[PDB]
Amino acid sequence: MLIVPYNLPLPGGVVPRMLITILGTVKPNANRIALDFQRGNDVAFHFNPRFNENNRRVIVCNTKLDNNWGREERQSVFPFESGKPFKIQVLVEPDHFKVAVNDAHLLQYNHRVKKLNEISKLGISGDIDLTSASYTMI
């Protein structure tokens, strides 16, 4: 019931101890999901579940700088299921983003973009019904 793509402002950027929670349901014949933590036009952290990349399910993570994608980091563990409700938690830690899905740790992504306080937007897109997007400090 939120409109997708959805932009969640992150006022003053991110900081260690900030927890971002996304609740939604994957659409039945989903192809992709994306979370894009942005620093202006750059994408500090792109989190991209792909449901059918050569008939395999994979999560691709990357950074986009000056319109150029970098080296992908790929994860073979794939917790999403078409048609099913999910929870994504992204905890900012000093050295990484730490991602858990459905309360199970999934992956960490080392900070490539250093100016955490300038990562001031989260875009949420793809083949989901989005229920809520929020943040809190733990």
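The first residue of the shown sequence is 1; numbering continues from there.
Between the stretches 75-83 and 91-99, it is 75-83 that shows the larger average CA temperature factor.
Stretches 36-44 and 49-57 differ in mean CA B factor, with 49-57 having the higher one. Ranked against the other modelled residues of its chain, the C-alpha B-factor of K27 as given in the entry falls in the highest third. Among the modelled residues of its chain, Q108 has a C-alpha B-factor that falls in the middle third according to the deposited record.
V15 sits in the highest third of its chain by CA B factor, as recorded in the PDB entry.
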